[PDB]
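Breakdown of the fold
Residues per chain are reported as follows:
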Amino acid sequence: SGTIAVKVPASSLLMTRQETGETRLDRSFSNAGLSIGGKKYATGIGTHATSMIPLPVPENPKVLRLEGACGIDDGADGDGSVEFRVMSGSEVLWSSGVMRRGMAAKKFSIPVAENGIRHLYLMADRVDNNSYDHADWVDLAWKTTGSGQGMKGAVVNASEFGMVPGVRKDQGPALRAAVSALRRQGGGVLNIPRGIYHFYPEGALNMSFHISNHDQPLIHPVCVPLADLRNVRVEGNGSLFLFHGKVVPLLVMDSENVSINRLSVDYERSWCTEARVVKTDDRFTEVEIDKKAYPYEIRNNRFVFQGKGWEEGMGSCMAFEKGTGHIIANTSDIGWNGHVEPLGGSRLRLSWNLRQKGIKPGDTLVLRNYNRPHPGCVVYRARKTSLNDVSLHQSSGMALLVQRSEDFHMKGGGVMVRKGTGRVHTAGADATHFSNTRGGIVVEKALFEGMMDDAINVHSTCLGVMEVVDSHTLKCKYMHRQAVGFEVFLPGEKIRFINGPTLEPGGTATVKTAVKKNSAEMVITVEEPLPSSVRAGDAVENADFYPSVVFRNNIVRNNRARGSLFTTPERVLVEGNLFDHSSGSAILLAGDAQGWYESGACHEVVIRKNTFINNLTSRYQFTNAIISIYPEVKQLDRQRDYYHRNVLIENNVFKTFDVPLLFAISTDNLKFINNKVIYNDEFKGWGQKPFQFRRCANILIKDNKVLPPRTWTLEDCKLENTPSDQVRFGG
Ligand SMILES: OC[C@H]1O[C@H](O)[C@H](O)[C@@H](O)[C@H]1O
Ligand SMILES: [Ca+2]
Ligand SMILES: [Ca+2]
Ligand code: NA
Ligand code: NA
Ligand code: NA
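- In the PDB header, X-ray crystallography is given as the technique by which the entry was determined, and 1.68 Å as its resolution.

Below is the structure:
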């Protein structure tokens, strides 16, 4: 009794990861009538393994249970094999076992209200391969009731669920049981008694979803899933969580007001491998590797790096100077994957001339490649997430990835080397990263050192317009292979058009419908007729997902590429930080519709009270000055509107060798005032002008103090398509 049909929202299809093709409602994968075991079904979801469908639970009416059935669709041309799972945010609630074509649909009835569940995940796992895995969910119904008791919070101590520190056994299942218990009491406190705890893939919650700016493995094994939670404070009590294998350590997803306090995350076997340089000459480099810390084999005289259940090849190294921990000047990525000769005694001879690149005995090579399958901490469809004194020491990708979320606060902690590991490296990519977010971002009082990329990157994802189908319909593509599939437009959200050739944001529109055709292609229908200037070759970005940014009182040091990247029109405040030997530029304002397809014009940027010490000793993409403003504009001569606007650089201290201070393209209202610049000769000078401007306007350079003393004039600026009258000075 008491069931109503589930109406699956169109937004749930856009949030679904599905391994092949399109997810359909009330039709099979093959776009025919749903049919399982010879029996027809009028309504359901036609998906294909592997897939995972997030299904929100209505607040009204009050839901007691989800009922339905599942099985292989008869439209499959062969005998597929799928395991269906109904999941909460922390546990598998029901599994079908392996289902095959011809088997009758298997029914389920899942408790919702008594588990405190407001989001379910409907997963179809491919089992072996996904050939013929046409997977149906059918007869989906909510069992509903008149009233439900409001839950009044609880304190859940993870030790009461079997979590024990100091043993190399998987503590994942215990912790996930504790999370489930806290959810069904309405949130509160999750207490973790102080200790070192181990986590492995075998007991993680296997989920399938897309993570922006990462590789796209089909399965993320989530060890600490803080998903579908409201009003939860996780008390780490200074614990250390150690991870093994390829996993997502932490996930905050479909949650509100979740905070994590006083917790550290590391891997015993890093994603990267350190080698100490022992000897060099023009043909060879001899190194030593601690094989216990970094297991490896030499296979056909090539490195094979090894962790639990994984092997990775070598692609390149980052080279770190002995004693200082700086990235060696004028190196950047050193690409190599050559002859390795074992010498015994943990010593290896590499067929590699590193001497010529400045490497010396005592230096450290961080051996790595560009693979980034899983971030350390993922925040996804979460509102008001906080990390307080959270240290993310290592990750197989970015340490912290936040996407499609609103309001995020990180205070203290950071991405730094754990004492006693002897490492110089931390994250396998960015420290923190914010892709299509909104509300306020605040990252403060943190230490970010040794990452294989920037300390922060805030941007939108812009899609390419592939075709205008009619006056209301666009075919759009996710253009970069590491930013596909996750939702970027939902019904009701606003679209901003971008003229492709000139990188000029244009008009706006409202999404009426959006259909994901596969992981890289969507069809968007807008409410009103498209502006006539919108054509194939333009781009689109979401006008509802721009965050404000406060990046303050942090230390950023000894990291690959740039210190920080910002592309958002809301206020950006970069204040009180120390950028200490960031390898590349300290700050980059980028934006493009041709390469990374990351966009978001800055309209209000304050960079004040920072200290910049000998940044930009090695060059990377776009690193033309300590502060570089480098949107990519294919036809700059034809551009009318300036991309970036109102950038204020004041009251900073630059301790720098002879390298440009400020490079900017397509920027209007750009002030470099009341800064202190102290020049040294510790690194080789570039011999270029300190200010370089390409199609800029309303530049003011005034009241700076420079040592050794000089007076800056127009002759200290390189001007390209920038009339000299647009550059003003002042005593
Ligand atoms: O330049 C943009 C680029 O910056 C860093 O390298 C990030 O790791 C990438 O994912 C991408 O955002
Ligand atoms: Ca299969
Ligand atoms: Ca156009
Ligand atoms: Na496919
Ligand atoms: Na309790
Ligand atoms: Na012009």
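**Some details on the overall build of the protein chain**
- What the protein chain contains, in helices and strands, is 2 helices and 64 strands.
- Over its C-alpha atoms, taken along the principal directions, the protein chain stretches across nearly 85 × 70 × 50 Å.
- Going through the 731 residues of the protein chain one by one, you find that 58% of them count as buried.
- Taking contacts inside the protein chain between residues at least 6 apart in sequence as the whole, the part at least 24 apart equals 75%.
- Carbon and sulfur atoms form 45% of the exposed surface of the protein chain, whose accessible area is close to 26,800 Å².
- When the 87 basic and 78 acidic side-chain charges of the protein chain are each reduced to a single mean position, those positions are 3 Å apart.

**A word on the site of ligand 1**
- Taken together, the residues surrounding ligand 1 are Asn213, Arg372, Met398, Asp430, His433, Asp453, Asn457, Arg562, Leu565, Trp596 and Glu598.
- In this structure, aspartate 430 approaches ligand 1 through a side-chain N or O atom, which is 2.6 Å from an oxygen atom.
- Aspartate 453 is positioned such that a nitrogen or oxygen atom in its side chain is 2.8 Å from an oxygen atom of ligand 1.
- For ligand 1, whose unbound accessible area comes to 310 Å², protein coverage reaches 95%.
- Across the shell around ligand 1, the residue classes tally to 3 nonpolar, 3 polar and 5 charged.
- Looking at the shell around ligand 1, you find at least three residues from each of domain 2 (166–269 + 375–451) and domain 5 (549–730).

**Side note on the side chain of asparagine 624**
- By the element assignment, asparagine 624 lies in the loop between strand 53 (611–613) and strand 54 (627–629).
- Judged by relative accessible area, which is 16%, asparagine 624 ranks as buried.
- If near-sequence neighbours (up to four positions away) are discounted, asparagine 624 is found in contact with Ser585, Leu616, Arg619, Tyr630, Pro660, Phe663 and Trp686.

**Let's talk about the coordination of the calcium ion (ligand 2)**
- Here the calcium ion (ligand 2) is held by the protein donor atoms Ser81 (O), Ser81 (OG), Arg126 (O), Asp128 (OD), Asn129 (O), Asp133 (OD) and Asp133 (OD), which lie 2.4 to 2.7 Å from it.
- Each donor residue of the calcium ion (ligand 2) belongs to the same chain, and together they define the spacing S-x44-R-x1-D-N-x3-D. Here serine 81, found in strand 9 (residues 81–87), pairs with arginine 126, found in the loop between strand 12 (119–125) and strand 13 (134–145); they are 45 residues apart in sequence, far enough to count as distant.

**Some thoughts on the coordination of the calcium ion (ligand 3)**
- Within the protein, the atoms that donate to the calcium ion (ligand 3) are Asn499 (OD1), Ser533 (O), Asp538 (OD) and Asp538 (OD), at distances of 2.4 to 2.8 Å.
- All donors of the calcium ion (ligand 3) belong to a single chain; written as a sequence motif, their spacing is N-x33-S-x4-D. Linking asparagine 499 in strand 41 (residues 494–499) with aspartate 538 in the loop between strand 43 (521–526) and strand 44 (539–542), this pair joins segments that are 39 residues apart in sequence.

**Quick word on the pattern of salt bridges**
- Within the structure shown, the criterion is met by 34 salt bridges.
- Between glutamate 406 and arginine 438 there is a salt bridge, with the nearest N and O atoms lying 3.9 Å from each other. Placement of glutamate 406 in strand 33 (residues 406–411) and of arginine 438 in strand 36 (residues 438–444) is noted, with a sequence separation of 32 residues between them.
- When its relative accessible area of 26% is taken as the criterion, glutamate 406 is described as partly exposed.
- The salt bridge partner of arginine 571 is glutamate 604, with a shortest N-O separation of 2.9 Å. Of this pair, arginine 571 sits in the loop between strand 47 (564–566) and strand 48 (572–575) while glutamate 604 sits in the loop between strand 51 (598–599) and strand 52 (605–608), and the two are 33 residues apart along the sequence.
- Judged by relative accessible area, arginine 571 falls into the partly exposed class, the value being 34%.
- Taking relative accessible area as the criterion, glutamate 604 reaches 34% and is therefore assigned partly exposed.

**Here we look at the domain arrangement of the protein chain**
- By domain assignment, the protein chain separates into domain 1 (3–145), domain 2 (166–269 + 375–451), domain 3 (273–368), domain 4 (462–542) and domain 5 (549–730).
- Across the contact, 23 residues belong to domain 1 and 25 residues belong to domain 2.
- Across the interface of domain 1 and domain 2, roughly 2,000 Å² is buried in total on both sides, 53% from carbon and sulfur atoms.
- The interface formed by domain 1 and domain 2 includes 12 residue pairs in polar contact.

**Here's the deal with unusual backbone geometry**
- In this structure, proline 61 follows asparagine 60 across a cis peptide bond, with omega equal to 0 degrees.
- Inspection of the secondary structure puts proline 61 in the loop between strand 7 (51–56) and strand 8 (62–72).
- Note the cis peptide between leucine 707 and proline 708, where omega equals 0 degrees.
- With respect to the helices and strands, the residue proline 708 is situated in the loop between strand 62 (705–707) and strand 63 (717–720).
- The backbone of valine 127 sits at a positive phi, close to 70 degrees, despite the residue not being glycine.
- Even without a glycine there, the phi angle at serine 666 is positive, about 50 degrees.

**What to know about the pairing of strand 32 (residues 400–403)**
- Here strand 32 shows two buried faces, one formed by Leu400 and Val402 and the other by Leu401 and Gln403.
- Judged from the 4 bridges that link them, strand 31 (residues 377–392) and strand 32 form a sheet pairing that is parallel. Counterpart to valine 379 in the pairing with strand 32 is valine 402.
- Pairing geometry for strand 32 and strand 35 (residues 432–435), over 4 bridges, is parallel. Bridging across to strand 35, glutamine 403 finds its partner in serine 435.

**Here's the deal with the packing of aromatic side chains**
- Taken as a whole and judged by the stated rule, the model has 27 aromatic pairs.
- Here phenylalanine 303 and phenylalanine 305 contribute two aromatic rings whose centre-to-centre distance is 5.1 Å and whose plane-to-plane angle is 25 degrees, an arrangement assigned as stacked. Of the two residues, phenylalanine 303 and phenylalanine 305, neither departs from the other in class, the shared state being buried.
- Taking the centre distance of 4.9 Å and the plane angle of 90 degrees together, the rings of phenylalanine 691 and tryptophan 712 count as edge-to-face. Within this pair, whereas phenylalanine 691 is found in strand 60 (residues 691–694), its partner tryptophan 712 is found in the loop between strand 62 and strand 63, the two being separated by 21 residues in sequence. In this structure, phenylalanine 691 and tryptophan 712 share a single accessibility class: buried.

**Considering the environment of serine 147**
- Take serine 147: it is sitting in the loop between strand 13 and strand 14 (154–157).
- Overall, the relative accessible area of 62% leaves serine 147 in the exposed class.
- Sequence spacing of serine 147 and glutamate 114 is 33 residues, and the spatial spacing of their C-alpha atoms is 12 Å.

**Comments concerning the UniProt feature "repeat: PbH1" in the protein chain**
- Taking the UniProt record as the reference, the feature "repeat: PbH1" is found at residues 405–436, 546–568, 569–591, 602–623 and 644–665.
- Strand forms 52% of residues 546–568 and helix 0%; the C-alpha atoms that close the span are 6 Å apart.
- For residues 569–591, helix accounts for 0% and strand for 43%, while the C-alpha atoms at its two ends are 11 Å apart.

**A look at the sheet that holds strand 41**
- One closed barrel accounts for 6 strands, arranged 39-40-43-42-41-44; its pairing is antiparallel. With strand direction ignored, the average angle separating the axes of adjacent strands in the sheet is 45 degrees.
- Here strand 41 runs beside strand 44; their pairing, made up of 4 bridges, is antiparallel. What sits directly across from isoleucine 495, in strand 44, is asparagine 542.

**Focus: the nonpolar core**
- In this structure, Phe241, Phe448, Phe551, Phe566, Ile587 and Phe693 are the most contacted members of the largest nonpolar core, which totals 92 residues.
- Here this core gets 7 residues from one element, more than from any other, and that element is strand 20 (residues 248–267).
- When we break this core down by domain, the ones giving at least three residues each are domain 2 (166–269 + 375–451) and domain 5 (549–730).
- With residues near it in sequence (within four places) discarded, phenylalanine 241 still touches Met163, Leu175, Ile192, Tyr197, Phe199, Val224, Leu263, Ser264, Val265 and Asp266.
- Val248, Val378, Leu474 and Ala483 belong to the second-largest nonpolar core, a separate cluster that totals 42 residues.

Here is what the cut-offs are and how they apply
- Residues numbered from 1 in each chain as written, not as in the entry; some residues may be left out.
- Chains lettered and ligands numbered in written order.
- Heavy atoms only, no water.
- Helix = DSSP H or I, 4+ residues; strand = E, 2+ residues; numbered from the N terminus.
- Buried < 20%, exposed > 50% of the residue type's maximum accessible area, 1.4 Å probe, protein only.
- Contact = heavy atoms within 4.5 Å.
- Areas by Shrake-Rupley, 256 points an atom, 1.4 Å probe, with all protein chains shown as cover.
- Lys, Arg positive; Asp, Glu negative; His and termini not counted.
- Charge placed at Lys NZ, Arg CZ, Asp CG, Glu CD.
- Near = heavy atom within 4 Å.
- Polar contact = N/O pair within 3.5 Å; in protein donor to acceptor, adjacent residues only side chain to side chain.
- Nonpolar A, V, L, I, M, F, W, Y, C, P; charged D, E, K, R; others polar.
- Domains from an automatic or database assignment.
- Donors = N, O, S within 2.8 Å, 3.2 Å for Na, K, Ca; no water.
- Salt bridge = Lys/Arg side-chain N within 4 Å of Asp/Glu carboxyl O.
- Buried area = accessible area lost by both parts, 1.4 Å probe.
- Pairing = 2+ DSSP bridges.
- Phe/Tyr/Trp six-rings, centres within 6.5 Å; stacked < 30°, edge-to-face > 60°.
- UniProt positions renumbered as here; feature names shortened; annotations may be inferred.
- Axes fitted to C-alpha atoms, helices over the stretch in contact; angles between N-to-C directions.
- Core = buried A, V, L, I, M, F, W, Y, C linked by side-chain atoms within 4.5 Å.

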